[PDB]
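Chemist: Can you keep this structure in mind? I'll have questions shortly.
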Protein chains: 2
Amino acid sequence: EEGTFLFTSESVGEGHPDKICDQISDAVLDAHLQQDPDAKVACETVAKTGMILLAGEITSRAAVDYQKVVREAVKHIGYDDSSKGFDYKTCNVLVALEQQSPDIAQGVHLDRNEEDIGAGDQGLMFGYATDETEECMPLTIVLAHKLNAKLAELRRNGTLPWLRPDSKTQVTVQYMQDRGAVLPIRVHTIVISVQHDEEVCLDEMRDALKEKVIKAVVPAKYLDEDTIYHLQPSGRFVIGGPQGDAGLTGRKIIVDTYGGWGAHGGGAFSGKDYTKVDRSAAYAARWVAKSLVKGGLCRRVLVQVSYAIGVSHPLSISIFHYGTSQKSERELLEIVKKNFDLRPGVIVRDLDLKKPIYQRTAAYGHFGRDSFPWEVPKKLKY
Amino acid sequence: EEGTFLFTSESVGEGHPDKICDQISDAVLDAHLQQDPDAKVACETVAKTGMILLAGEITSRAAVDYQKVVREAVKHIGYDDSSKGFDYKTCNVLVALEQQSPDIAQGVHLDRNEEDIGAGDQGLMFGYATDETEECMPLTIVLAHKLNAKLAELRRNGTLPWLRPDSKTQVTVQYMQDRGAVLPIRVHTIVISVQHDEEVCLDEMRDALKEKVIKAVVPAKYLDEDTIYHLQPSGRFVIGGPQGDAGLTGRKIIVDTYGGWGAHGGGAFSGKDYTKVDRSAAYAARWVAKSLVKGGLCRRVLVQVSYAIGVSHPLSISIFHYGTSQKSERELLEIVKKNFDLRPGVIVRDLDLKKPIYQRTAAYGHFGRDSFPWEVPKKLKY
Ligand SMILES: Cc1ccc(-n2c(=O)c(-c3ccc4nn(C)cc4c3)cc3n[nH]c(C4CC4)c32)cn1
Ligand SMILES: Cc1ccc(-n2c(=O)c(-c3ccc4nn(C)cc4c3)cc3n[nH]c(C4CC4)c32)cn1
Ligand SMILES: C[S@@+](CC[C@H](N)C(=O)[O-])C[C@H]1O[C@@H](n2cnc3c(N)ncnc32)[C@H](O)[C@@H]1O
Ligand SMILES: C[S@@+](CC[C@H](N)C(=O)[O-])C[C@H]1O[C@@H](n2cnc3c(N)ncnc32)[C@H](O)[C@@H]1O
């Protein structure tokens with residue numbers, strides 16, 4: 001229909017190999033922060049058959065048992081037997097971690113007042129919010145995340161014991177344009193691929209995915225006779241996890257954020273402390289965007305910020321409201337200037353970013369869930 | 001001024017550790033394609049002090065010497081001595097490469113007619129084009145790439161022998177809104193950070209970066225008394241490359257594409273053959289977008305496509321012209337349907353994607369350069 005369009009987003013499960021890496025990187029970050037709130041962490045993880053490798057830079061007063069931290073994260077995910085393709089008890093854990101470069105340390109935080117610490121790198125970051133859901137997230141990505149969460153729930157409760165931890169989902173929604181804002185009309189296509197055991201047949205899996213997963217997550221009002229379902233479209237997914245596909249930290253940055261909506265600056269979140277603005281400034285930009293929507297100034301908004309390594313204040317700030325505010329974008333920038341301080345050394349205080357809650361962010365998206373500090377809107381003064 | 005806004009993009013040099021990984025992943029892909037045009041390649045690279053690790057899946061009839069291919073790529077980049085922090089002659093090259101999962105192979109390409117091969121994965125991809133430059137790319141990212149290329153040029157020609165291969169640049173441009181299209185007005189801020197030797201002082205570097213790099217790349221009409229320069233803002237960058245920061249393939253996906261403009265689906269390009277739609281469908285979507293702009297239908301356009309693993313046709317196609325076309329987005333979709341076939345098995349033929357030219361794409365962006373097939377517009381019939 002005229003004034004309508006399609007949009008597709010995807011999500012992945014806790015056992016998707018890239019997501020395994022994000023969760024391990026954040027389990028390492030949390031382990032350091034539990035002992036040293038000022039740990040400087042830049043922990044990349046790589047996963048392939050039988051291997052977790054940690055590579056990066058950590059300067060911290062914590063004493064962390066990497067073998068224990070990695071294996072416990074893999075256990076939580078559900079890879080606990082060679083029949084599943086990966087086992088926390090018996091995999092190889094390799095560590096190539098060095099101290100943070102002293103050249104970065106001197107230029108960013110050494111001998112600097114905390115509020116005046118420099119950005120840990122240059123870069124650009126975006127925040128986005130949309131009133132199409134209560135949580136201010138796109139419906140395409142919320143549904144895709146919930147489909148993966150439902151698969152994990154039915155695997156863990158033994159309802160569908162043939163399920164394995166590696167999964168991917170994708171949701172296409174037809175939207176109506178509404179003066180810059182968007183209104184979901186219907187779900188056009190759903191894809192679900194999930195690793196499974198050798199005994200279950202394709203028809204049993206497809207029936208369960210439709211009746212016990214899709215129907216348990218997606219409201220029936222969005223599904224109709226024309227909705228297309230691609231359930232186990234490859235036909236066979238016994239080999240999975242790192243054995244099926246090498247994973248790396250920071251290779252699901254669009255799943256971690258807005259599912260293609262808004263914009264992205266390229267930075268990965270997991271394995272990084274607050275001084276790395278790829279994470280802290282993106283969380284602050286989401287906080288700003290969500291505050292503008294919950295404050296009734298916008299129905300849909302995009303915020304860009306950027307930084308230079310060693311410099312505290314952002315180099316640029318831009319706001320695009322998609323035509324959904326009566327205030328000009330110059331007025332919105334002034335409101336943001338009066339209400340937020342986007343220096344990393346102030347974001348850490350506002351968003352409590354030395355707290356070890358990062359492993360919780362590393363699956364199912366970093367935004368629109370669980371009332372993390374960046375999800376609690378700031379009451380704006382203007 | 002009213003109707004203006006700021007936008008920032010970044011780029012990185014050939015020796016940036018993430019970019020080293022993209023180039024090595026693509027050198028491995030090209031090595032396979034030189035002997036086996038139908039090689040199935042999914043090669044991730046990880047780089048840290050003294051180490052290149054290859055992890056992933058390759059099924060190919062080629063006989064490839066990974067030690068030689070990796071070291072030759074590192075040599076080309078310029079890491080040829082321990083004084084520079086990395087040396088192709090003496091680094092460790094580790095290989096954890098297995099065959100492609102037979103479950104993926106059976107679901108995607110085994111016993112399938114080439115035109116009817118399934119997408120190698122699910123996912124979403126975007127194409128973008130803007131008439132603000134002849135090459136139909138955002139000026140922010142074109143300038144950022146050219147600044148890194150200039151640093152490599154002056155390093156290689158011996159003009160600035162203190163330069164090392166690892167660099168990052170960032171450009172903020174103030175734009176004027178023009179009926180959906182954008183017009184660059186001026187450069188607001190430039191950042192340049194580049195690895196250097198122990199002997200050169202900060203003032204000599206900052207003077208050279210302004211006079212020999214910025215002035216040699218950015219037209220003077222964009223620079224004025226208010227332009228902000230952050231040159232070597234960390235103050236010291238002797239440690240660099242993988243020693244300073246662990247790199248991974250597919251961690252510069254926004255540098256590889258549009259610098260934050262348009263949209264991104266999350267997929268990485270390097271190390272993947274044509275059957276991986278993260279690369280082929282994104283190249284085809286750029287080709288569509290550039291064809292719509294060069295054909296005079298749009299001044300600025302975004303194209304989304306999506307796929308399911310094992311299914312040839314895209315699941316969804318969407319076009320947003322930012323208000324820059326007289327044709328409706330329904331009409332543009334019909335023109336695209338009549339002129340393009342976005343099945344991966346047809347994109348391979350149109351864009352010649354079995355040719356080993358991929359290492360050439362892995363630095364300075366995959367788009368807007370060198371008249372690759374996806375940069376030559378298709379003449380549209382309607
Ligand atoms: C990153 C991004 C995300 C979404 C879109 N997107 C859109 O935002 C609108 C839209 C929304 C609301 C509207 N209100 N009015 C009065 C006009 C509107 C147009 C239409 C549209 N079609 N395809 C796309 C993109 C997938 C290619 C679109 C654009 N860029
Ligand atoms: C991904 C993306 C990129 C750019 C923008 N972006 C824009 O596209 C326009 C714009 C361009 C042209 C226009 N013509 N007319 C009549 C109105 C226009 C508005 C203004 C604007 N301000 N901040 C941003 C984003 C950085 C936050 C903006 C939005 N999204
Ligand atoms: C298709 S793989 C990427 C391509 C792969 N590296 C190759 O060698 O072709 C990407 C993701 O798809 C999922 N996957 C793996 N095996 C699959 C299968 N047989 N069917 C469907 N999806 C699968 C996993 O979540 C995996 O991380
Ligand atoms: C700042 S590092 C990322 C943070 C780092 N992992 C850490 O431990 O803090 C990201 C990129 O910045 C660049 N870089 C490295 N050392 C730098 C320095 N001393 N000054 C400026 N940029 C530097 C390199 O291009 C590097 O890949």
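Chain lettering (A, B, ...) mirrors the order of the structure tokens, residue numbering begins at 1 for each chain separately, and ligand numbering begins at 1 in order of display.
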If we count only C-alpha atoms and set the cut-off at 12 Å, which residues sit around segment 330-340 of chain B, ignoring sequence neighbours fewer than 2 positions away in its own chain? Please answer as number ranges by chain.
Modeler: A: 1-6; B: 281, 284-285, 287-293, 295-298, 301-305, 313-314, 316-321, 324-328, 342-344, 346-347, 349-351, 377-382
Chemist: Any residue with an atom at most 6 Å from ligand 3 counts, using only C-alpha atoms and all ligand atoms. Which are they? Put them as a PyMOL selection string.
Modeler: (chain A and resi 16-17+166-168+193+234+236-237+240+244-245) or (chain B and resi 42+57+100+103-104+120-121)
Chemist: Filtering to C-alpha atoms, could you give me those residues as a PDB file, in the first residue's frame?
Modeler:
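Wrote it out as result_7.pdb, contents follow:
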```pdb
ATOM      1  CA  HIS A  16      26.055 -18.018  17.946  1.00  0.00           C
ATOM      2  CA  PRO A  17      29.921 -18.029  17.708  1.00  0.00           C
ATOM      3  CA  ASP A 166      23.562 -21.565  18.200  1.00  0.00           C
ATOM      4  CA  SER A 167      20.634 -19.781  16.538  1.00  0.00           C
ATOM      5  CA  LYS A 168      19.758 -16.912  14.209  1.00  0.00           C
ATOM      6  CA  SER A 193      17.755 -21.289  11.933  1.00  0.00           C
ATOM      7  CA  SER A 234      19.178 -24.833   5.191  1.00  0.00           C
ATOM      8  CA  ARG A 236      20.202 -29.395   8.351  1.00  0.00           C
ATOM      9  CA  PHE A 237      22.125 -27.622  11.126  1.00  0.00           C
ATOM     10  CA  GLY A 240      27.134 -25.438  14.845  1.00  0.00           C
ATOM     11  CA  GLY A 244      30.467 -24.503  12.123  1.00  0.00           C
ATOM     12  CA  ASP A 245      31.733 -20.923  11.869  1.00  0.00           C
TER      13      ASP A 245
ATOM     14  CA  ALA B  42      35.340 -17.887   5.169  1.00  0.00           C
ATOM     15  CA  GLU B  57      36.492 -22.533   6.889  1.00  0.00           C
ATOM     16  CA  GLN B 100      33.295 -25.632   5.185  1.00  0.00           C
ATOM     17  CA  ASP B 103      25.598 -28.946   6.651  1.00  0.00           C
ATOM     18  CA  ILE B 104      26.071 -25.418   5.228  1.00  0.00           C
ATOM     19  CA  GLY B 120      25.224 -18.492   2.078  1.00  0.00           C
ATOM     20  CA  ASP B 121      23.574 -17.093   5.188  1.00  0.00           C
TER      21      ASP B 121
END
```
Chemist: Between atom CA of residue 62 of chain B and atom CA of residue 38 of chain B, what is the distance in Å, rounded to a tenth?
Modeler: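 For atom CA of residue 62 of chain B relative to atom CA of residue 38 of chain B, the distance reads 9.9 Å.
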Chemist: Write out as a PyMOL selection string the residues lying within 12 Å of segment 30-37 of chain A, counting only C-alpha atoms and excluding same-chain residues fewer than 2 positions away.
Modeler: chain A and resi 23-28+39-43+58-70+72-73+270-275+348+352-362
Chemist: Specify as a PyMOL selection string all residues of chain A found within 7 Å of chain B, counting only C-alpha atoms.
Modeler: chain A and resi 5-6+8-10+48+55-56+101+103-104+107-108+123-124+191+233-237+239+244-246+250-254+260+263-266+306+308-310+316+318
Chemist: Select, from A:278, A:116, A:178, A:197, the residue with the minimum atom-to-atom distance to ligand 4, counting only C-alpha atoms and all ligand atoms.
Modeler: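 Distance minimum relative to ligand 4 lands on A:278.
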Chemist: Write out as a list in words all residues of segment 286-382 of chain A that backbone DSSP assigns to strand (DSSP E).
Modeler: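 Output for segment 286-382 of chain A, strand (DSSP E) only: residues 300, 301, 302, 303, 304, 305, 306, 307, 316, 317, 318, 319 and 320 of chain A.
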Chemist: For atom CA of residue 182 of chain B and atom CA of residue 294 of chain B, quote the distance in Å rounded to one decimal.
Modeler: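 About the pair atom CA of residue 182 of chain B and atom CA of residue 294 of chain B: they are 16.0 Å apart.
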Chemist: Calculated over only C-alpha atoms and all ligand atoms, which of the candidates B:345, B:127, B:219, B:180 has the smallest distance to ligand 2?
Modeler: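 Looking only at the distances to ligand 2, the closest residue turns out to be B:180.
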Chemist: What's around residue 223 of chain A at 7 Å? Count only C-alpha atoms, leave out sequence neighbours fewer than 3 positions away in its own chain, and write the answer as a PyMOL selection string.
Modeler: chain A and resi 186-187+220+227
Chemist: What is the atom CA of residue 368 of chain B to atom CA of residue 300 of chain B distance in Å?
Modeler: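 About the pair atom CA of residue 368 of chain B and atom CA of residue 300 of chain B: they are 14.4 Å apart.
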Chemist: Quick one: of B:92, B:83, B:195, B:133, who's nearest to ligand 4, counting only C-alpha atoms and all ligand atoms?
Modeler: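 The closest residue to ligand 4 is B:195.
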Chemist: List the neighbours of segment 212-216 of chain A out to 7 Å using only C-alpha atoms; skip same-chain residues closer than 3 positions along the sequence, and give me the result as a list in words.
Modeler: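 What passes the distance filter is residues 147, 150, 151, 208 and 209 of chain A.
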Chemist: Looking at only C-alpha atoms and all ligand atoms, which of B:176, B:29, B:194, B:277 is the one that sits closest to ligand 4?
Modeler: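 Nearest to ligand 4: B:194.
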Chemist: Can you pull out the residues contacting residue 146 of chain A? Cut-off 9 Å, using only C-alpha atoms, and skip same-chain residues under 6 positions away; I want them as a ChimeraX atom specification.
Modeler: /A:11,217-218,364
